[PDB]
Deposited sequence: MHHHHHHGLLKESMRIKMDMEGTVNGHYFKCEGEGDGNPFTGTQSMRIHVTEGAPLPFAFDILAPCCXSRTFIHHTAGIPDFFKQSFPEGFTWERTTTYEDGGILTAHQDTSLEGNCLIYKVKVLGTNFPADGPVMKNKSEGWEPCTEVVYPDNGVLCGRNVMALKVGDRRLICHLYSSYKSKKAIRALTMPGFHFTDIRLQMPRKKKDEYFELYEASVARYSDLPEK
């Protein structure tokens, strides 16, 4: 209807992590129906980032999820009005990353406005020491709550042979009237977020694939 097979993405992100201010601009593209996408991010203020960009990578696109088994698509249904998401991620070594995001659509271009505040990351930890090597793939739990889509996730940041676990609490809210929207049931969203390239803690490239599905286990 309103979404095409090739979509452009423009993202503006502003934030402060452990007191360090930054701004990022991203241009990306993807296929929303096969659920694949990529983004080029330039840190336009606050470069070089004194912390691992990994913690900001999940703040950089829910319209690009391949929905299987007839699962209703909260995000694609939300257009032309668009949607927002709120998230807090708690890291098991103390760090906290809170974010709010606005998703709108203008022509062939998705427009993301992201605000980020991160606090209490340990000074000696892999995030502030910039010693992480990206994320493992993950499986978000997704479920309705009175017209709001809730998400819960466990993600694992790679630090050598070790994994730093964090816990994601997400709320996805449509700007469309609740009556014009078909809510999904309880389901899962597999997500594989990768960072193929980065340069000087100032330029980053992301690729992400996402699939909404039910458990593959038979119900007895």
| property | result |
| --- | --- |
| Stretches with no C-alpha position, numbering per deposited sequence from 1 | 1-7, 68 |
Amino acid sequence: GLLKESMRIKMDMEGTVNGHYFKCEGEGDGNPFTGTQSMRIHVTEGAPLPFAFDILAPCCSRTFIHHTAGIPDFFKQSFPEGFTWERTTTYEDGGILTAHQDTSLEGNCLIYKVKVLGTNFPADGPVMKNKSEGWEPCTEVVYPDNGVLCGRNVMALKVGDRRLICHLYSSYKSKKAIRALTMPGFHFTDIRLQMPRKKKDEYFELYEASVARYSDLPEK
From here on, numbers count along this sequence of modelled residues.
item	value
Entry-level comparison of average CA B-factors, 71-79 and 122-130, reporting the higher stretch	71-79
Average Cα temperature factor in the PDB entry - higher stretch of 134-142, 109-117	109-117
Selection from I165, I41, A57, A180 [criterion: highest C-alpha temperature factor in the record]	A180
Given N153, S171, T189, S61, the residue at which the Cα B factor reaches its maximum	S171
Among modelled residues of the same chain, the CA temperature factor third for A47	highest
Position of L149 among the chain's modelled residues by C-alpha B-factor, lowest, middle or highest third	highest
Record-listed C-alpha B factor of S104: chain third	highest
